[PDB]
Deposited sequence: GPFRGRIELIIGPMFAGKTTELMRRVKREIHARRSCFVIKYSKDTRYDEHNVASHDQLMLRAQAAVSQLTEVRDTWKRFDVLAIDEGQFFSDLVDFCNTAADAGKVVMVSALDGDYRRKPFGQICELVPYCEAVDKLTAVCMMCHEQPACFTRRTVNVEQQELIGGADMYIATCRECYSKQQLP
């Protein structure tokens, strides 16, 4: 009775809000959730290995920014097979729409995948599924918000 659930989409689609909705949901039913942020129980780390066997002591595991963790697949699968509810929120693509981190390897292991949309910040009348980086950096990992990224539809992604 364990599983893996994936929440994907561009930035400003409310993925993290949605992940936390699912958590608050479990918390109300007295189910114990362990929230792992990148860097009720809220740990912050750069790799999931830093969390020991701590996850074993909870019912649900919530992983935000799942993309930045290199061991995402095996960690999740181990947790899932131990009877945990694993929930991941993550960008499916980078600012170039290249597969981001380990997410695409995780999809075949998921029993649920939900792709959320944002609203397009350029035409403001179309659902947004991609992220455009506004600054001139190349490196894929560049943490930040609306100062560095904007969400767009297909038309606006290609238009200047």
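Novice: Counting from 1 along the deposited sequence, give me every gap where there's no C-alpha, start to finish.
Specialist: Seq positions lacking coordinates: 1-3, 43-60, 182-184.
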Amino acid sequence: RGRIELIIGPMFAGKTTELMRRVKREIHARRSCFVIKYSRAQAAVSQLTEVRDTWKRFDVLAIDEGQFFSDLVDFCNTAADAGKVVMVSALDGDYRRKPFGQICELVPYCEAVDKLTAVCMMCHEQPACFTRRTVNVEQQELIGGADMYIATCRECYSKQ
From here on, numbers count along this sequence of modelled residues.
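Novice: In the PDB record, does 42-50 or 60-68 carry the higher mean Cα temperature factor?
Specialist: Higher of the two, by average CA B-factor, is 42-50.
Novice: In the PDB record, does 105-113 or 128-136 carry the higher mean Cα temperature factor?
Specialist: Higher of the two, by average CA B-factor, is 128-136.
Novice: Would the CA B-factor of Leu19 place it in the lowest, middle or highest third of its chain?
Specialist: Lowest third of the chain for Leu19's C-alpha B-factor.
Novice: Going by what the PDB entry lists, where does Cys120 fall on CA B-factor within its chain: lowest, middle or highest third?
Specialist: It belongs to the middle third of the chain when residues are ordered by C-alpha B-factor.
Novice: Going by what the PDB entry lists, where does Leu91 fall on CA B-factor within its chain: lowest, middle or highest third?
Specialist: Ranked within chain, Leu91 CA B lands in the lowest tercile.
Novice: Sorting the chain's CA B-factors, does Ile150 end up in the lowest, middle or highest third?
Specialist: Tercile = middle for this residue's CA B-factor.
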